[PDB]
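*Asks:* This structure is in structure tokens; I'll ask about it shortly.
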Amino acid sequence: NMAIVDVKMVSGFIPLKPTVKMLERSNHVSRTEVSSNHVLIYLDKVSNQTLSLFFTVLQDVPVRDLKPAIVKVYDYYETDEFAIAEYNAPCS
Ligand SMILES: *[C@@H]1O[C@H](CO)[C@@H](O)[C@H](O)[C@H]1NC(C)=O
């Protein structure tokens, strides 16, 4: 069943509303799991689709040096390559 989940925020960009959107969404199977910096609601039958949402972040620090913001974990099947997938915050 759907187990892997990892997404963090940009460096000092601290989250305020992500708690709200964590609490909000609940679709046919639910755990309300949350690890105090993350969000964990994935469990379901075999699912191959994706969905959409919107989340932004609160500002703790003025500056951002040019070093991109990709938080990538990747583990989906033993045989194929485990399939990294990246794109930077072009604000840099
Ligand atoms: C998703 O992929 C699997 C691969 O075996 C397939 O069996 C299944 O019919 C597909 N559809 C869903 C959403 O389960």
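The sequence shown lines up with residues 1377 to 1468 when you count with the authors' numbering.
Here a beta-carbon is modelled for each residue, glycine too, at the ideal position from N, C-alpha and C.
1) Is it buried or exposed for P1444, if we count other Cβ within 10 angstroms and need 16 for buried?
2) What does the Cβ neighbour count give for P1394, buried or exposed, with the cut at 16 atoms within 10 Å?
3) Keeping to the same chain, check which residues put their C-beta closer than 7 angstroms to that of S1406; ignore five residues upstream and five downstream.
4) Bridge partners for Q1435 per DSSP, in chain order?
5) Assess contact between the stretch 1412-1428 and the stretch 1384-1398, defined as three or more Cβ pairs (one per stretch) separated by less than 8 angstroms. Is contact present?
6) Tell me the DSSP bridge mates of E1409?
7) Does ligand 3 have even one heavy atom less than 8 angstroms from the beta-carbon of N1377?
8) With respect to 8 angstroms, is the separation between the Cβ of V1422 and the closest non-hydrogen atom of ligand 1 below this value?
9) Can you look up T1395 in the DSSP assignment and give me helix, strand or coil?
*Replies:* On the basis of the supplied data:
1) exposed
2) buried
3) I1417
4) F1389
5) Contact between the stretch 1412-1428 and the stretch 1384-1398 is present: 3 or more CB-CB pairs across the two stretches fall below 8 angstroms.
6) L1416
7) Because ligand 3 does not appear in the structure shown, any question about it cannot be addressed here, the ligands present being ligand 1.
8) yes
9) helix
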